[PDB]
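Have a look at my_file_13.txt below; it lists compact mmCIF, C-alpha atoms.
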```txt
# COMPACT_ATOMS: atom_id res chain seq x y z
CA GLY A 1 349.94 -72.85 56.30
CA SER A 2 346.81 -72.09 58.31
CA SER A 3 347.38 -70.12 61.52
CA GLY A 4 344.40 -71.63 63.31
CA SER A 5 340.66 -71.27 62.72
CA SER A 6 340.40 -74.96 63.61
CA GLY A 7 337.30 -76.81 64.77
CA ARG A 8 334.02 -77.44 62.96
CA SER A 9 333.19 -73.97 61.62
CA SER A 10 329.86 -75.51 60.59
CA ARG A 11 327.49 -73.34 62.62
CA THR A 12 324.89 -76.12 62.64
CA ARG A 13 322.53 -76.51 65.59
CA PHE A 14 319.89 -79.26 65.78
CA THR A 15 316.67 -79.14 67.80
CA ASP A 16 315.31 -81.66 70.31
CA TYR A 17 313.15 -82.93 67.45
CA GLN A 18 316.21 -83.67 65.33
CA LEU A 19 318.57 -84.59 68.18
CA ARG A 20 315.92 -87.11 69.23
CA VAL A 21 316.03 -89.03 65.95
CA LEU A 22 319.78 -88.56 65.52
CA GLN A 23 320.57 -89.65 69.08
CA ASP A 24 317.94 -92.39 68.98
CA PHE A 25 319.43 -93.83 65.78
CA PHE A 26 322.89 -93.72 67.34
CA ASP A 27 321.96 -95.53 70.55
CA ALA A 28 320.73 -98.35 68.32
CA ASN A 29 323.16 -98.00 65.42
CA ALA A 30 326.28 -95.85 65.12
CA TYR A 31 327.78 -97.57 62.08
CA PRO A 32 325.00 -97.21 59.48
CA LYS A 33 325.62 -97.16 55.72
CA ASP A 34 324.85 -94.48 53.13
CA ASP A 35 321.47 -96.07 52.47
CA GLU A 36 320.62 -95.80 56.17
CA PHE A 37 322.01 -92.29 56.58
CA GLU A 38 319.61 -91.25 53.82
CA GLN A 39 316.67 -92.35 55.97
CA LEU A 40 317.62 -89.74 58.56
CA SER A 41 318.46 -87.10 55.96
CA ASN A 42 315.05 -87.61 54.34
CA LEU A 43 313.23 -87.47 57.68
CA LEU A 44 315.09 -84.59 59.33
CA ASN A 45 315.60 -83.11 55.87
CA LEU A 46 319.30 -82.68 56.64
CA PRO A 47 322.40 -83.41 54.52
CA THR A 48 324.06 -86.75 55.28
CA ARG A 49 327.34 -84.84 55.56
CA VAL A 50 325.87 -83.13 58.63
CA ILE A 51 324.60 -86.38 60.14
CA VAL A 52 327.95 -88.07 59.52
CA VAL A 53 330.04 -85.47 61.35
CA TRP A 54 327.62 -85.66 64.28
CA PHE A 55 327.65 -89.46 64.38
CA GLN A 56 331.44 -89.58 64.06
CA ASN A 57 332.01 -87.38 67.10
CA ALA A 58 329.25 -89.01 69.15
CA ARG A 59 331.36 -92.16 68.88
CA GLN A 60 334.53 -90.45 70.12
CA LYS A 61 332.71 -89.06 73.16
CA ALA A 62 331.14 -92.46 73.82
CA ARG A 63 334.55 -94.15 74.04
CA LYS A 64 335.71 -94.10 77.66
CA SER A 65 338.28 -95.93 79.78
CA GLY A 66 339.30 -96.14 83.43
CA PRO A 67 337.92 -97.38 86.77
CA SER A 68 334.46 -96.94 85.26
CA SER A 69 332.12 -99.91 85.68
CA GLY A 70 328.60 -101.01 84.80
```

Could you render the structure from this file as structure tokens?
Amino acid sequence: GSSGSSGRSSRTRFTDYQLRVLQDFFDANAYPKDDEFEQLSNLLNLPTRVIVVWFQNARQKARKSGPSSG
């Protein structure tokens, strides 16, 4: 099969302007539907596919366990 070349191989970098809306929309909602995703894609002018991958991960990083409190 494939030796490696694993990861994202997307080469997509967002700017504060975009990260602001993307991160802002996540802090409020991280489980939006296609209809919603479009709102961001139309504003940032980015493909939902790109916003999805970003939102998906953001969730994984958010999940944490341990002696953490707050």

| query | Of the residues A:12, A:19, A:62, A:69, which is the one nearest to residue 44 in chain A, using all atoms listed in the file? | reply | A:19

| For the point (317.4, -82.6, 67.6) in file coordinates, what residues are within 12 Å, counting only C-alpha atoms? Give the answer as an MDAnalysis selection string? | chainID A and resid 12:25 40 43:46 51 54

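Pairwise distance (CA of residue 55 in chain A, CA of residue 68 in chain A) equals 23.2 Å.
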
| What's the 9 Å shell around range 57-61 of chain A, counting all atoms listed in the file, without same-chain residues fewer than 5 positions away, as a ChimeraX atom specification? | /A:23,26,30,52

Output C-alpha atoms of each residue in that selection to a file, as an mmCIF file, in the frame of the given file.
```
data_model
loop_
_atom_site.group_PDB
_atom_site.id
_atom_site.type_symbol
_atom_site.label_atom_id
_atom_site.label_comp_id
_atom_site.auth_asym_id
_atom_site.auth_seq_id
_atom_site.Cartn_x
_atom_site.Cartn_y
_atom_site.Cartn_z
ATOM 1 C CA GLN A 23 320.570 -89.650 69.080
ATOM 2 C CA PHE A 26 322.890 -93.720 67.340
ATOM 3 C CA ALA A 30 326.280 -95.850 65.120
ATOM 4 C CA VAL A 52 327.950 -88.070 59.520
#
```

| If you measure from CA of residue 10 in chain A to CA of residue 49 in chain A, what distance in Å do you get, rounded to one decimal? | 10.9 Å

| field | Residue nearest residue 38 in chain A - candidates A:50, A:7, A:63, A:70, atoms counted: only C-alpha atoms | value |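 Answer, going by the shortest atom-to-atom distance: A:50.
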
| request: Find the residue from A:53, A:41, A:27, A:35 that sits nearest to residue 9 in chain A; use only C-alpha atoms when measuring. | output: A:53

| field | For CA of residue 39 in chain A and CA of residue 56 in chain A, the interatomic separation in Å (one decimal) | value | 17.1 Å
